[PDB]
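First the structure, in the form of structure tokens, and then the observations on it.
Please treat every number below as a calculation from the coordinates, not as lab data. With ideal geometry, Cβ positions are generated from the backbone for all residues, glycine too; neighbour counts draw on all protein chains shown.
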2 protein chains.
Amino acid sequence: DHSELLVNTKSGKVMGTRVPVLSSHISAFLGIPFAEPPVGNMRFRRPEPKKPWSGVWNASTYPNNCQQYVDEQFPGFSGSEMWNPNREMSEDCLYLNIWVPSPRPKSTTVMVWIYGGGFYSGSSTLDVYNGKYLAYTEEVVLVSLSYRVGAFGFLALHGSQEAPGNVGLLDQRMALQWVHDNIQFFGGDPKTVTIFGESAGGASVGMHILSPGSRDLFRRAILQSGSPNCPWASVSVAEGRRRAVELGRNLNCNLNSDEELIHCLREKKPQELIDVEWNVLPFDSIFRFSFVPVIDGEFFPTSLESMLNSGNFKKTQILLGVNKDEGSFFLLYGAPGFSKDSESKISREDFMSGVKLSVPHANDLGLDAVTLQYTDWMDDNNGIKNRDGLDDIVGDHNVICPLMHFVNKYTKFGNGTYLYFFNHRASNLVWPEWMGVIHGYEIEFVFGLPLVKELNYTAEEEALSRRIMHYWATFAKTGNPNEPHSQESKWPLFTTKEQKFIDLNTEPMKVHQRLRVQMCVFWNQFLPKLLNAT
Amino acid sequence: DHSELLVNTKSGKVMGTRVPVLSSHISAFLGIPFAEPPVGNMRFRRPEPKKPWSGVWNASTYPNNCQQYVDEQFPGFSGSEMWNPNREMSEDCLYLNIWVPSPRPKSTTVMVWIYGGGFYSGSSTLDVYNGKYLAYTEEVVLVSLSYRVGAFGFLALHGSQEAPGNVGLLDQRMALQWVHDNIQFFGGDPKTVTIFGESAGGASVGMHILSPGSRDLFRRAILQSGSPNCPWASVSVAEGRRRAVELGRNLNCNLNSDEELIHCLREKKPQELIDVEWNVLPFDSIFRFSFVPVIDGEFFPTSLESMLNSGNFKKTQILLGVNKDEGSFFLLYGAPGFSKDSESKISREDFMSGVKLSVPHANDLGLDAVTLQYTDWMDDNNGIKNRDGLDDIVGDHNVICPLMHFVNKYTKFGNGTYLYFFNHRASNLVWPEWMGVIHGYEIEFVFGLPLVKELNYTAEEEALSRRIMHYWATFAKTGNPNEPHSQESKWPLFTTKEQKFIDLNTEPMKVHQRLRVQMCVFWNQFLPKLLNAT
Ligand SMILES: *[C@@H]1O[C@H](CO)[C@@H](O[C@@H]2O[C@H](CO)[C@@H](O)[C@H](O)[C@H]2NC(C)=O)[C@H](O)[C@H]1NC(C)=O
Ligand SMILES: *[C@@H]1O[C@H](CO)[C@@H](O[C@@H]2O[C@H](CO)[C@@H](O)[C@H](O)[C@H]2NC(C)=O)[C@H](O)[C@H]1NC(C)=O
Ligand SMILES: *[C@@H]1O[C@H](CO)[C@@H](O)[C@H](O)[C@H]1NC(C)=O
Ligand SMILES: *[C@@H]1O[C@H](CO)[C@@H](O)[C@H](O)[C@H]1NC(C)=O
Ligand SMILES: CN1CC(=O)c2ccccc21
Ligand SMILES: CN1CC(=O)c2ccccc21
């Protein structure tokens, strides 16, 4: 061994770069490869492990991002562009990043970040996902992995071995294998790995908790605004198949056989697939994505709900929660009457249209049941109530109530559950007020961006961030976000009986119970009974 | 003509009695017959007009009450016993009563009271229906009629002319014919007759508004806690038939023919019919009565809803409303967990049982939709919330929301609608607190009982009564409860657009809008869509 930035791993030697952070410095190992490039004839295939290398792998700069749809809905606007790829896109994108305290620890808590983006987009290299502040502040080794998205990660022709489906989840698993196998050399403790992720990354986390092939590779889990059972996070094999055939149909492919389709898809340039990807969705919908995980009988051995019911999943601790206004983004982008630069007061006709888009799988009785549940009939033309009410519909149905269902089932068999409700709107949000506490805007607090003076958060936002980071890291380390014997207010355990949770904002902690139960009894029990009967 | 108490009518001469009232006196003509006795072979038949008589009909004492079930659920208790017959019961019961100011007016406003009692009970002769205070205070001629109830009034074998159904409504109509034809001789103006009634009497009123054969006999209408479209106030001819056959089955009748059944029923003593009457109901239910009006194609030429929709009804003014706690009585008497001498805090199991009884016509999805709509899921074991919530279910479903549906339909074609919500609980109510503002307890205010010092109301209850009586009488006289040009607060018209109504209590009038719309959109639009689809 020669120096702090040189680490010898089972895959070979790796050279990092020293990086400044809040008037100090740490080590960063960026762009380490964990799989072979899934290119050419390996497109759609399950990843192969990276063949070890001779020499020293230069890990001083961020890798490429995976091939993905790029949001151009608001050119030059930082609110949307902070989510897009900031590196060149390539099919050769299976790399991970590690931020390691200086001096190098010996056996410290490890946190592994799985990006969101609907399984059609996302990047490990975004500014808001910079691990240095958290690694430095809380003395954890901070990994961020990557995984194939879109058709590249999730095209599913079940029964074929060339495009089986789920390969993007297999990418995440392989990165988690490589951390298990190598993080000791960077000073991380492989027995104390926490996986954490937002939205589709949150759901991915839940998916590794359920899947037998992933459970042993990590110790505990954090799910932010995402659950494995979300209505958008998986499709049946039959539906997967249908969409893969439709995709081939949009590219003038031979459709006689799987082999024929797959060969045709493999000839196409990445951007040809990306350009027609939204054409395969079966309904006019929002919060629905084309290529997502498939309930295949392998990665997921039975239905998600039967695994949840029988306790067929990893038993450990989990920490998880939601933001107050999970739906607004999807309404802005996809529903009539919402725009970025107005208050988006919504007529009754646009309300009804929104409901339809929001609950694509519903018969008319179903739509009426939603509309009744969320309409104030003493004031049914209030444009603000309609706007806010639709915002709640999208969030409740897609994020909050699935998550609350996951929590209630998990908590029966698990070993400790901590639940939060993040409802602070950041003082410098570039998005309009009506969107509230938007999908994804807790991430900046989890990653410590408010400690950076130049980014212009308030002091109370710095303090909130420090507190979240310390809850997240203490939980990763011990299985409990609370420091043993400290004087702070205590985040209580969520239990089947009492169902407690806390708000996460700049005000003194307040504990509550039964998060959105009224609406989630509607979405989790009544509405699905109504649609089964009709 | 000889004196004030002698009136010559088209049916013959009649002798009244002078009666004291609030330190003054008026004339009362009690027990005037308006039909032939519907006895023997006329049992179940449509009434015949009373054959005129020679001599002077002694009208100094109250007539008999019709044969009816008698409530013995609380022996000696005045709360329940004030509703029972206070005269001998007889099949010979078709009489009316008239209170006439002294000195005799020439052409004054006439109010005709139709008693409630579920179409199975009721009496014109009850203390709370004493017309003297209103006649005297407001200078109206006050009639109260009677009509056959139970099987005697409503057994229905459609196609037979011996028991056609609806004969009790035909009794009311005949009394209204006789008032039309004779009230001029008592100083009433037949061109200014208001029909008014409570509960089944309220529904009866609505029924005379709809029925072509009744419309011309009165000018305007007041409906208290009752509407023609109530779920309990009518049955189909097929259902009528079924219950009449079941009734005969309970009495070991020949069932081969209508003639056979009817002859067998006509041999039975009244009390034999009354003793088995509750055995014919098709469900385990509350707020459902055995022998009610039947949608026959004659009295009602089509379905009530198609008449309401097409405007096939009398166009005039109406004044109508509800009490705050319409359901409590029926829960007390029929639902498990409610008792007279406890607070009746209701377990979740008794809640569910109550829902079932309350909505007998509902499939399980239906029951779930009710339960969801009325359960606070943050506090689903609060026994008070469950009790109150079930009280609202029974009242909303049976009284308030049918009435609100009637109002909204009527108001499209009618000539002025005044809507109230009576929510004052009388200071001397003998019933327990949990029952709130009980079905029927506005009646005492409408009839002026609070002006009688001995009955122990408060002064503000005297004032409320005087104000209600004057709203009721001014509306009967002019079509508007408000006195032209006075300084009091004005009861506004209910309109399709603004839907205003007022509270009726001891506090200063407050105007509101859209009475129980949230719950009535559930009962009037959603739930029936749900049960049609399943
Ligand atoms: C998490 O798991 C451990 C058990 O593996 C729990 O601690 C045990 O609690 C039981 C019952 O209180 C005791 O009988 C054992 O002695 C405990 N074992 C240890 C090693 O402490 C703990 O209760 C679980 N936590 C939760 C929240 O379920
Ligand atoms: C009740 O009916 C009368 C009509 O028969 C209404 O009074 C009429 O109103 C219209 C339109 O305002 C006028 O053109 C007529 O000259 C009025 N006729 C009379 C005789 O006044 C009155 O509007 C109706 N009231 C309600 C509440 O609908
Ligand atoms: C590694 O390559 C980067 C270019 O991305 C370069 O800036 C850096 O100097 C290289 N480091 C070494 C010492 O190889
Ligand atoms: C009428 O009969 C009643 C008995 O109910 C009696 O009290 C009254 O004196 C009689 N009146 C006359 C004068 O016939
Ligand atoms: C909600 N944030 C978080 C996130 O993953 C994302 C993807 C697209 C647009 C916005 C996003
Ligand atoms: C509600 N009041 C009014 C009413 O008509 C009636 C009948 C039976 C028991 C109580 C009653």
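Scanning segment A:249-277 for residues that are under 16 Å from A:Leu157 (Cβ atoms) and not in a helix (DSSP H, G or I) yields A:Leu251, A:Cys253, A:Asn254, A:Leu255, A:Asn256, A:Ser257, A:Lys268.
Selection within segment B:179-227: residues that are of a type in the set (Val, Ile, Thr) and in a helix (DSSP H, G or I). The member of this set that is farthest from B:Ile32 (Cα to Cα) is B:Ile209.
Within segment B:295-309, if we keep just the residues that are farther than 12 Å from B:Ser236 by Cα and polar (S, T, N, Q), the residue that is surrounded by the fewest Cβ atoms within 10 Å (Cβ to Cβ) turns out to be B:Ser306. Scanning segment A:309-349 for residues that are basic (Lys, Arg) and within 16 Å of ligand 1 (Cβ to nearest atom) yields A:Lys314, A:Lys315.
Would you be able to say whether some residue in segment B:467-479 is assigned to a helix (DSSP H, G or I), more than 26 Å from B:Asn415 (Cα to Cα), touching a helix residue (DSSP H, G or I) at 6+ places or on another chain (Cβ under 6 Å) and free of Cβ contacts under 8 Å to residues at least 60 places away in the same chain? Within segment B:467-479, not a single residue is assigned to a helix (DSSP H, G or I), more than 26 Å from B:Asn415 (Cα to Cα), touching a helix residue (DSSP H, G or I) at 6+ places or on another chain (Cβ under 6 Å) and free of Cβ contacts under 8 Å to residues at least 60 places away in the same chain. The residue that is farthest from ligand 5 (Cβ to nearest atom), counting only those in segment B:53-75 that are touching an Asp or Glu at 6+ places or on another chain (Cβ under 9 Å) and more than 23 Å from B:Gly153 (Cβ to Cβ), is B:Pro75.
Rundown of residues vs (1) in contact with a strand residue (DSSP E or B) (Cβ under 7 Å, 6 or more places away or on another chain); (2) within 16 Å of ligand 3 (Cβ to nearest atom), yes/no style:
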site: A:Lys106; (1), (2): no, no
site: A:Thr125; (1), (2): yes, yes
site: A:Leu142; (1), (2): yes, no
site: A:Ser146; (1), (2): yes, no
site: A:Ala151; (1), (2): no, no
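From the list B:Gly168, B:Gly187, the one residue that fits, being on the phi > 0 side of the Ramachandran plot and of a type outside the set (A, V, I, L, M), is B:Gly187. Does B:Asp350 satisfy the condition of being away from chain A (no Cβ under 14 Å), closer than 18 Å to B:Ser227 by Cα and in contact with a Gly (Cβ under 6 Å, 6 or more places away or on another chain)? When the stated conditions are applied, B:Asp350 does not pass them.
Can you tell me which residue in segment A:510-529 is farthest from the other protein chains (Cβ to nearest Cβ), limited to those that are without any contact (Cβ under 8 Å) to a residue 40 or more places away in the chain and among the basic types (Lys, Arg)? Only one residue fits best here, namely A:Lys510. Given the structure, is A:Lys340 under 23 Å from the mean Cα position of the chain (by Cα), away from ligand 4 (no atom under 16 Å from the Cβ) and not aliphatic (A, V, I, L, M)? Criteria not met by A:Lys340.
Residues of segment B:66-108 being of a type in the set (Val, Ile, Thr) and either touching a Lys or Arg at 6+ places or on another chain (Cβ under 9 Å) or within 21 Å of B:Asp181 (Cβ to Cβ) (or both), which ones? Correct list: B:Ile98, B:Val100, B:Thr108. How many residues does segment A:137-156 contain that are part of a loop (DSSP other than H, G, I, E, B) and surrounded by fewer than 23 Cβ atoms within 10 Å (Cβ to Cβ)? Summing the residues that are part of a loop (DSSP other than H, G, I, E, B) and surrounded by fewer than 23 Cβ atoms within 10 Å (Cβ to Cβ) in segment A:137-156 gives 1.
Return yes when A:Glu507 is part of a helix (DSSP H, G or I), acidic (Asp, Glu) and away from every other protein chain (no Cβ under 14 Å) and no when it is not. No; evaluated as a whole, the condition is false for this residue.
For segment B:20-42, the count of residues that are away from ligand 5 (no atom under 16 Å from the Cβ), charged (D, E, K, R) and within 27 Å of the chain's Cα centre (by Cα) is nonzero. Output yes when any residue across segment A:79-90 is more than 30 Å from A:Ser427 (Cα to Cα), more than 16 Å from ligand 2 (Cβ to nearest atom), of a type outside the set (S, T, N, Q) and under 19 Å from the mean Cα position of the chain (by Cα), and no when none is. Looking for residues that are more than 30 Å from A:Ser427 (Cα to Cα), more than 16 Å from ligand 2 (Cβ to nearest atom), of a type outside the set (S, T, N, Q) and under 19 Å from the mean Cα position of the chain (by Cα), one finds none in segment A:79-90, hence no.
In segment B:353-367, of all residues being of a type in the set (S, T, N, Q) and more than 14 Å from chain A (Cβ to nearest Cβ), the one that is nearest to the chain's Cα centre (by Cα) corresponds to B:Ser358. Of all the numbered requirements in (1) away from chain B (no Cβ under 14 Å); (2) over 24 Å from A:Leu515 (Cα atoms); (3) surrounded by fewer than 17 Cβ atoms within 10 Å (Cβ to Cβ), A:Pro432 misses one, and that requirement is (3). Reported count of residues in segment A:157-170, each being in a helix (DSSP H, G or I) and of a type outside the set (A, V, I, L, M), is 1.
Of the residues that make up segment A:169-183, is at least one farther than 18 Å from A:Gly131 by Cβ and in contact with a strand residue (DSSP E or B) (Cβ under 6 Å, 6 or more places away or on another chain)? Yes, segment A:169-183 contains a residue that is farther than 18 Å from A:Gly131 by Cβ and in contact with a strand residue (DSSP E or B) (Cβ under 6 Å, 6 or more places away or on another chain). All conditions but one from (1) under 21 Å from A:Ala369 (Cα atoms); (2) under 25 Å from the mean Cα position of the chain (by Cα); (3) aliphatic (A, V, I, L, M) apply to B:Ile400; the one that does not is (1). Just the residues that are in a helix (DSSP H, G or I) and either touching a residue at least 40 places away in the same chain (Cβ under 8 Å) or more than 11 Å from chain A (Cβ to nearest Cβ) (or both), please, taken from segment B:368-388. Those that are in a helix (DSSP H, G or I) and either touching a residue at least 40 places away in the same chain (Cβ under 8 Å) or more than 11 Å from chain A (Cβ to nearest Cβ) (or both): B:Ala369, B:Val370, B:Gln373, B:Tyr374, B:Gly383, B:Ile384, B:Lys385, B:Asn386, B:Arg387, B:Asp388.
Sort out which residues of segment B:64-108 are under 25 Å from B:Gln172 (Cα atoms), surrounded by fewer than 21 Cβ atoms within 10 Å (Cβ to Cβ), touching a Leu at 6+ places or on another chain (Cβ under 9 Å) and of a type in the set (S, T, N, Q), and write them in order of number. Result: B:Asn84, B:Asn86. If you go through segment B:427-466 and keep only what is of a type in the set (A, V, I, L, M) and part of a helix (DSSP H, G or I), you end up with B:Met435, B:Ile443, B:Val446, B:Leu449, B:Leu451, B:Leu455, B:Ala459, B:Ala463, B:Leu464. Among the residues examined, B:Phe413 does not qualify as more than 16 Å from ligand 4 (Cβ to nearest atom), surrounded by 22 or more Cβ atoms within 10 Å (Cβ to Cβ) and in contact (Cβ under 8 Å) with a residue 40 or more places away in the chain. For segment B:1-19, the candidate set comprises residues that are among the hydroxyl-bearing types (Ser, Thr, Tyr) and surrounded by fewer than 18 Cβ atoms within 10 Å (Cβ to Cβ); within that set, the residue that is farthest from ligand 5 (Cβ to nearest atom) is B:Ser3. In summary, strands (runs of 3 or more DSSP E) completely within segment B:39-134 and bearing 3 or more residues that are within 16 Å of ligand 4 (Cβ to nearest atom) occur at B:56-58. Scanning segment B:492-504 for any residue that is loosely packed, with under 15 Cβ neighbours inside 10 Å and either closer than 21 Å to B:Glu444 by Cα or within 14 Å of chain A (Cβ to nearest Cβ) (or both) turns up at least one such residue.
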